[PDB]
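I have placed the structure first, in the form of structure tokens, so that the comments after it can refer back to it.
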4 protein chains.
Amino acid sequence: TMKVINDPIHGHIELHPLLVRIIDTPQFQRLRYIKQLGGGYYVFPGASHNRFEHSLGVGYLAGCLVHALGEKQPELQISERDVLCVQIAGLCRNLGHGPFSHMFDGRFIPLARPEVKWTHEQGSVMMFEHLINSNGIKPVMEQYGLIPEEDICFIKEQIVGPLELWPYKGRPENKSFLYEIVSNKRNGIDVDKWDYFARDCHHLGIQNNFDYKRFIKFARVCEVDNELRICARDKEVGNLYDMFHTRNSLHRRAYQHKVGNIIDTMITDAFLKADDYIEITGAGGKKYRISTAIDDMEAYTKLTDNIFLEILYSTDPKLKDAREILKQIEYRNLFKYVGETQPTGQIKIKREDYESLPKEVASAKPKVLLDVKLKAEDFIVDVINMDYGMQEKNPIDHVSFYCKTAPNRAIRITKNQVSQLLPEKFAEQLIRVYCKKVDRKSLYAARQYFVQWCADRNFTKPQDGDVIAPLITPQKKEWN
Amino acid sequence: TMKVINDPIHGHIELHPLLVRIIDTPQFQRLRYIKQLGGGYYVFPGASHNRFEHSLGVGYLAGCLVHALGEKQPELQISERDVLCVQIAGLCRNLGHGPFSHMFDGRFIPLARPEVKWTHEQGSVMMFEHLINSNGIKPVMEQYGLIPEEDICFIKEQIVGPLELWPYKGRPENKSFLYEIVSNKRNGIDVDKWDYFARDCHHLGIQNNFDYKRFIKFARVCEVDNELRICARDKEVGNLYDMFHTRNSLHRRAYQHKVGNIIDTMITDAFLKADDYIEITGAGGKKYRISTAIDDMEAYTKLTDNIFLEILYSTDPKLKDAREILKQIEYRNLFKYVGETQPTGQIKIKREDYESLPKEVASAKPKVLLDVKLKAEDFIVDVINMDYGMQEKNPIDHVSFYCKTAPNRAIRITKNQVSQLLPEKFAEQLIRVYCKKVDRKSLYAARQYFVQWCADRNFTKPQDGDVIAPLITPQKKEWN
Amino acid sequence: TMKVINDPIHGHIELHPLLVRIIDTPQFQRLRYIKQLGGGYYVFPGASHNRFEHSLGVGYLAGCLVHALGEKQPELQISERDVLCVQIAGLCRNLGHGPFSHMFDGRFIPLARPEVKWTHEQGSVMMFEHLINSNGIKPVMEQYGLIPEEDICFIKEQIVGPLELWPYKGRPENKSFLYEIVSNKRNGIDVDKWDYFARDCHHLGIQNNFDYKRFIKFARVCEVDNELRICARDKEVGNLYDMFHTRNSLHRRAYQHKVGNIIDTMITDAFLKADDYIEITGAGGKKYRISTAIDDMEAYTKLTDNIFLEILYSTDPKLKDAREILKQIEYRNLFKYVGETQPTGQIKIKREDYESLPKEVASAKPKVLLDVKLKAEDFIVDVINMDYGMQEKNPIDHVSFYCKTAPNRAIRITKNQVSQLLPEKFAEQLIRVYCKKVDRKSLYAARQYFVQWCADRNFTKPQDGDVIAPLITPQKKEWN
Amino acid sequence: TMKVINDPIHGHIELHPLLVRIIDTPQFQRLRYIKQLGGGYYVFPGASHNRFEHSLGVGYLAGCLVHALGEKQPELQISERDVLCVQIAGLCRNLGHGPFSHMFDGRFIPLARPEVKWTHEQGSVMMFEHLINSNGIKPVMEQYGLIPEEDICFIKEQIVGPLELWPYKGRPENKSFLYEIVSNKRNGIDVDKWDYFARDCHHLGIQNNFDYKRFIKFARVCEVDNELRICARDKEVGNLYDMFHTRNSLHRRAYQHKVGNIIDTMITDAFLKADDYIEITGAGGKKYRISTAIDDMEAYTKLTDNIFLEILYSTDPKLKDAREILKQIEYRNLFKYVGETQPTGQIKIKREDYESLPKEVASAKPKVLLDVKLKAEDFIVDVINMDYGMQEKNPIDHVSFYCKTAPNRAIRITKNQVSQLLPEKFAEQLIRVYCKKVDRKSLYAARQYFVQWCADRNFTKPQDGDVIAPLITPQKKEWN
Ligand SMILES: Nc1ncnc2c1ncn2[C@H]1C[C@H](O)[C@@H](COP(=O)(O)OP(=O)(O)OP(=O)(O)O)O1
Ligand SMILES: Nc1ncnc2c1ncn2[C@H]1C[C@H](O)[C@@H](COP(=O)(O)OP(=O)(O)OP(=O)(O)O)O1
Ligand SMILES: Nc1ncnc2c1ncn2[C@H]1C[C@H](O)[C@@H](COP(=O)(O)OP(=O)(O)OP(=O)(O)O)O1
Ligand SMILES: Nc1ncnc2c1ncn2[C@H]1C[C@H](O)[C@@H](COP(=O)(O)OP(=O)(O)OP(=O)(O)O)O1
Ligand SMILES: [Mg+2]
Ligand SMILES: [Mg+2]
């Protein structure tokens, strides 16, 4: 019967035997060897935590919220079956993450298999399928009153959305609210965030400005457009705006730390140079690469942060180039950050243009004395899209609220009904430039190119522009 | 010699004997009987803390920062004398607060002595003067190397600004940075905030999004316009914006909680009805009122939260009206919140108009069935100015930064150099309306007046407008 | 309907309307004006907390545990009625505390009304009776399914024990376990402790070594001697020992801090000198003293920490003596701690003997040069009984455990089955001596008397004996 | 110049450039891949932390304490040189740890190379030597005013004790107190503990009962027996006893968790079965085993937790046996805990007897019906020595204290001068028995053997003895 796990964020979590059974598989335990924050550990030494513990946390909160709704509203007829299905989805939405988490689907796969479209969510589903089949979980699900045909569909839909109008098959419109819990496609307000805010802050040594327990206490289900949706108490609208401010602030300080990102980049680089030579045994002894392990779940199961050390410790001279990069990390000879700027007004930059940016920076011609001349391959240019989870859209516009005087009546709240101190935009781009040539003079040069390039493209003045390129900044009137 | 105090926020604080001597006086100990958050305790039961502990905290952080600067830059020639003066100012800037803190100078005095102009800062200075003189502190200051003539001036200036060009007398332009520590008139970034953020969050059960220790580690002094000012590392600019976001959020959730404010109001009302009958003995046996105790520091010394209980426990029928209000608080029959709205576009409301607003709301004529008709005296209207500490101004525009490549060279950073996700405005007004008549029907009515009044004045649509006044909201096109 | 309160220790607590109604009375709200830790605030400035918030906490935890038992074991047939009754007892066990909490029943009443026997528990019951009657709570109890005759008895028994074998009337032997929750007379393991551990640590700035949530998750009810009792999982026995270690450690560092205690003593002294002159209006306009207010609950209601300030701020020269003592506290001219010692071996000291100890210390004749000669009235001697809650008894010997392999079978665990690193004794006495004469030479003398007295009585050598009385310590062989 | 690192336990730590240089080496960065708590991660999912972060913490606290002593007492003439040497020793005392930390030197090496004597301390020294030489650190040490000949000796002595009367060469008797900071051989009170208490509690979700900051504030150096030693303020003696209670409690609940230990045991077993086949390249391409990598630091550098996954992911059938054990861990088919007991009175068990205990348990002949008969190889028996760090000795007897009235005069404090509630013994043994045969009937049998064996050897009655072996416990009178 049921187990208790002590978690520093949530305290003692009770786990239903079915969930234990799911947890105690190689597919799930694999998450113990995948850092939540990837290269962030190398900047924030507190951040040792792995996707495993985060997954328990999500599972538990999913459970908390669904239970709370059932207690508050029996009329919903939430069953233990529904509860466990939501918890399982909670536990399992991180199953698909690869080495160093977002480094893998955010940097490595895009560059190593550009044609394929892949997300950790896709992978979570496949890994889940594989986990169920490989471990005879279906019988156990039935033993506790679950219906695998319907429920496995439901669970997958919770994670990834429809597998193709009410587009969901796993549950009907009257249980629409269950899809809003683990991975909310409508506005991004889900228990996944709540766990990582708390867990990441605890580990990074930053403090979390969002109360998820509070939010659970005020959550109700109401009818909205013939769907039953989760609604938040009206006055909590400020807390929701703050939730996304907090998310943005965590990305600014931690998830997109300039050095954290450059380490992610150097690791990705090394993975690219090892991809040809590393072999991972999949189903039936068949062999895959780092970049193809995503095609066989038995291979993907063995693909974790360990790869990094496999490479670092290798003696094969095939891997000399990859290994040498990782060693530079250890000695802390990293590519050097040059600076940060943003596009101006309407200007927006797409993924297809990314490869051509180092070339543009090298093409800048600053009117300054240069010892060394720098080449496109010497520049790395990271473009980062910061938003409130919905590109240009305001997610609070996609949230339903209920007032105390009419608790069953859903309503909408506009930005102007809340505050004038809110942002007018909800998306932006940051551009970081780094140089692969580390010496004083290369770095000095790189600054001139960079700042010149900003001026050429009419980007925003880097904060330290006047100090790093005092001869370049005067040419631009707007800058001063 | 020196004492150690254990504080839940800062741990063990060391106190120089001179500071102990200052602390162990009636004037200072008085702060033990003054709640930091006033009426907020009646909403947030964690908020039992008094100004006393907050004052130690401020003192300590003042000391931390001044010491840190001296360690980092000996060339500043910060003396122990300077350190103690800053700490004393730190300890003493809350000396002038009255019962329930901001209730007293924010609500009570304005209404009870409208002709006088008064602030707790004014009072801190007078109370400090009184504390020094009444306790023979001057000899002790000299004993530890302080020069009372110069230093007492310095201390007062730190708290209140110039007592009347370099306008400060207590210290020269080369020590300009010492004025920026305890009460920063230039941009509001001071240790007072840092302590209350941490202390209030710990007690309220909210979490603080600002790392003051970090800020202290990155603080340097640089020349700016022939002044030596405290400068912050450039990349910490985001943390500063977040500091004020946090401040605004604390006000939204706690310091301006609608019910917290109404309790402050009811306490103010009771004080008004007792002001004629409560007598407080000042200097030479002379007697004062609650509203006149501010004229004699010996009387003000005895004016604390105790007044509230004096009134509650009184048997004198003179005080029946005041006592009856406090009893309604105990039974939780409070004035009832009707709703909240804001002015539109440019509209701004001054203090002189405040008294006339209940009258405007009563003058609204909603086209709805009314059992009761409500009068101006039945309405309370609270107008709340939310800003980043400098009305319409952005305080980060008044902050100086230094880059890592040129640490002595101060620079400025504009909003656009940081983010497009920042606010476009830095000030706003909230209007809350409450009704003194509590029954169902008076309340129902009050909602109609309120919503009608909003429509009449072209204010923003209250969030729950459609639910509380469904017959009123349709008339306004813009609202729907 | 139900309210949510944000508590820093427990987060958001939900409160049933009935409990709200009980809370929103003058008798309950009174607890807002009574410091949990009395004089400890004057040592630990974090400790601003009042009995009110503690009481909410205890209420909530009582609820948590009773709910957990019902969820785990439906066969117990715990009703909502039972739940609310336990919560009410939880909320209400601190109702009887007087000014500065344990100062009042621990020091003041014993000295001021020696003939009467009184405890805050007695008073909690009376105040509860008074609260129910004075506020028409009985109808509201019936409205929510409670049976006042039985339930009010039950609630009182939970707080104070039997009002006179199964000695309880409010509930039968089959619900015996409900008595173990709020105030466990059998072994002292109850939710009251769990709240104060957490709450006091949070405020004092100390850290709590006991996980009550864990304990709740492992709690079961089992049959023991034809009673149904709460049983703890066997392996949690170490945690229980640690619970009492933590309690003892809190008393050592905080609740019995030498200076905290002396302040309690000086406050008590001032109350004694004011007792004749302070009048408090009880039932029918009849008037009481501080020391007699315990006889009429209407008067006791108005007896709070406020008394302290009433006295401090008084101008009546009747109160000059009392007032002067409080002023010495403010200036921090406190009675001076001389030292601490313990009885040896079997020696135990009774409460009646307390009055004769100052006399013994003054009777010591140390062979040393004395400027001043000290008198019995110049000495204060505080005797403190430190135990695990049950004098000489080990409370874990009165705890029932269950094993995982037979969850319904209760068992006992002896000390030797746990560890040899546990204490061999569970009770002891500390003796502190203070001098009322504060000057260098009186204090120097006092140390000689004290240390001599220790030697005479064959008490333990004070830790600093050799430093304070180097001429006295050599005479005792055992000491060196 | 200097770097700042954000640590969740200590906040922002400043690092001197020299220390950064030491940190940014393969030898130091290796610690990132070694779990502080080894197998405890598999029980406490919060415990993801590695030795790396702990090492920074120790470095920083070493620095805090030495600085504090210098500030308090300039007469000590502590130089920046001394400071950095202490910090380097702090950073580097964990350099020698092997995979899963104490699993490696506590279980694996003892069994795999019984003839060799080895500790992580030995290895820390060797790894340090290797780190200095392999990275040209000596020049950098000289650049900052260090004298490698004297200082490297000093640093090593701090870690391991004398390398062979004042037995230390690195510094004279007048700087004796510097040896007490990083690794205190006299009484075990050092900054290593302080960091792990705080860091481990934060991660395990347990709470730490020891205030190291406080202790640093009250630490002074005094003369004791012609040495200058660190002394603690007398009244802090209780906090020290509590420090060790906390240590013992952490071991009870976490470091010696029965299942955590069994996982360590299964990992060890797998390492043994892989030891023959895993090869690790050391100096000059020469190859070592897991068990011999301790002989060449270049090989040891590459020996980390990674080994575990290397084995788990291997396809080599040489490793089938090792791999199969790790897989049982992943599926959570672990050896089963049977129970725990202790020796009685004087009985003590030496290391030489350990191998023979499974045999004794199998030799027990319980008078009960047995389906299966169990063999010595089916039993694991773990013997755990719990003490206060000094076997039978009380470490507080080896601590020096200073009183407030004579701060330069060291003194001693005995147990009886503190409390009678302290332990009478400071060392004990726990015996845990596990069965490798997991089925119902094997497990049932195992309990009979175990309990019978306890009875035979006159060990303490297992807590659940009566439930698991009701037929066996009656035979022993003492048990009942
Ligand atoms: N004393 C403690 N305090 C806090 N957390 C603990 C303590 N002991 C164990 N834990 C943690 C470790 C685990 O994540 C979780 C479960 O541990 P534990 O209760 O010992 O389970 P177990 O499986 O070992 O016991 P059993 O199977 O015998 O019930 O709680
Ligand atoms: N063991 C403790 N742990 C944490 N904080 C403590 C402890 N003991 C006391 N404190 C707190 C309470 C006070 O605010 C502050 C100082 O108390 P303390 O150190 O006992 O000074 P004291 O003035 O009582 O002793 P002395 O006058 O003999 O130096 O520290
Ligand atoms: N944003 C917040 N975060 C954390 N706690 C909060 C926040 N806002 C309020 N609290 C606390 C203060 C109270 O103790 C508790 C209840 O406050 P609140 O939810 O505002 O009730 P209320 O009575 O004002 O609203 P209503 O009656 O309109 O539901 O929550
Ligand atoms: N906003 C933040 N709040 C708290 N900690 C932070 C924040 N930003 C960074 N940190 C942490 C992460 C690192 O462990 C440590 C180093 O900080 P950081 O200033 O990012 O150094 P850096 O090397 O990237 O700056 P630079 O090299 O430009 O001086 O501080
Ligand atoms: Mg003292
Ligand atoms: Mg850097």
Side-chain angles (χ1 to χ4, degrees), chain A residues 61 64-65 68-69 72-73 177 180-181 184 186-191 193-194 197-198 208-222 224 229-247 388-389 394-419 421-423, chain B residues 43-44 201 204-207 209 245-246 248-261 337 339-342 386 430 432 460-468, chain C residues 1-7 11-15:
Chain A
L61 289 180
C64 292
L65 177 51
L69 289 180
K72 261 167 266 148
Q73 296 163 278
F177 62 88
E180 286 172 315
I181 293 173
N184 187 319
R186 187 177 304 289
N187 55 36
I189 295 161
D190 49 50
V191 308
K193 285 187 175 55
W194 304 344
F197 284 14
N208 167 27
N209 195 235
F210 186 73
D211 197 340
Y212 54 86
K213 284 154 180 175
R214 181 176 173 81
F215 179 95
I216 292 174
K217 290 275 211 298
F218 290 100
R220 281 176 67 77
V221 178
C222 300
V224 194
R229 284 183 208 160
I230 293 165
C231 293
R233 172 71 180 273
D234 52 358
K235 67 198 235 288
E236 297 289 295
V237 62
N239 291 332
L240 256 20
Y241 274 104
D242 283 3
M243 197 194 83
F244 287 91
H245 169 94
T246 290
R247 184 170 169 279
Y388 273 31
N394 176 355
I396 308 309
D397 289 338
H398 304 256
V399 168
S400 299
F401 301 94
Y402 74 87
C403 310
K404 111 189 261 201
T405 63
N408 292 312
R409 187 144 140 222
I411 67 159
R412 295 295 189 167
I413 299 176
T414 74
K415 207 187 101 215
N416 270 203
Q417 294 179 282
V418 188
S419 181
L421 273 42
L422 300 167
Chain B
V43 176
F44 290 85
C201 291
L204 292 166
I206 282 175
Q207 238 159 291
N209 195 235
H245 166 93
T246 288
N248 188 60
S249 168
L250 287 174
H251 277 274
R252 280 290 185 151
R253 302 171 179 170
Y255 315 143
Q256 310 301 341
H257 194 270
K258 68 212 199 295
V259 179
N261 282 5
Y337 171 72
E340 181 182 89
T341 185
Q342 309 180 250
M386 303 290 276
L430 302 179
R432 279 81 166 282
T460 57
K461 184 193 161 192
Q463 290 172 2
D464 63 339
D466 294 329
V467 169
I468 62 177
Chain C
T1 69
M2 137 287 291
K3 281 186 197 298
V4 186
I5 292 203
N6 190 8
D7 177 43
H12 287 71
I13 291 177
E14 279 185 60
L15 291 173

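In what follows, every chain begins at residue 1, and chains take the letters A, B, ... in the order their sequences are listed.
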Do B:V467 and A:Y402 make a side-chain contact, defined as non-hydrogen atoms from C-beta onward lying under 4.5 Å apart?
no

Under the side-chain contact (heavy atoms from CB on, under 4.5 Å) test against A:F210, which residue among A:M243, A:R247, A:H245 passes?
A:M243

Can you tell if the side chain of A:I216 reaches within under 4.5 Å of the side chain of C:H12, non-hydrogen atoms only?
no

With sequence neighbours left out, write down each residue that passes ring-ring contact (aromatic ring centres under 6.0 Å, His included) with A:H398, or none if nothing qualifies.
none

Among side-chain atoms of A:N394 and A:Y241, is any donor-acceptor pair under 3.5 angstrom?
yes

Is the shortest heavy-atom distance from the side chain of A:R412 to the side chain of A:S400 under 4.5 Å?
yes

Is the ring pair A:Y212/A:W194 parallel, tilted or perpendicular, if the boundaries are 30 and 60 degrees?
parallel

Would you say that B:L430 contacts B:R252 through its side chain, given a criterion of any heavy-atom pair below 4.5 Å between the two side chains?
yes

Tell me, please, which residues at least two apart from A:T246 pass side-chain hydrogen bond (donor to acceptor under 3.5 Å, both in side chains).
none

Heavy-atom side-chain contact between B:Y337 and B:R432 under 4.5 Å
yes

Could you tell me which non-hydrogen atom of A:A219 sits nearest to which non-hydrogen atom of A:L69, and how far apart they are?
O-CD2, 3.6 Å

Identify whether the distance between the nearest side-chain nitrogen and carboxylate oxygen of B:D466 and B:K461 falls below 4.0 Å.
yes

Working to the nearest 0.5 angstrom, can you tell me the gap between A:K404 NZ and A:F218 CZ?
9.5 Å

Which residues share a salt bridge (charged side-chain N to carboxylate O under 4.0 Å, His left out) with A:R233, sequence neighbours left out
none

For A:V418, run the side-chain contact (heavy atoms from CB on, under 4.5 Å) check against A:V237, A:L240, A:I396 and tell me which one passes.
A:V237

Kindly indicate, with the supporting measurements, whether the criterion side chain to side chain contact (heavy atoms under 4.5 Å, CB included) is fulfilled by B:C201 and B:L250.
CA-CA 8 Å; B:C201 291; B:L250 287 174; 3.8 Å; yes

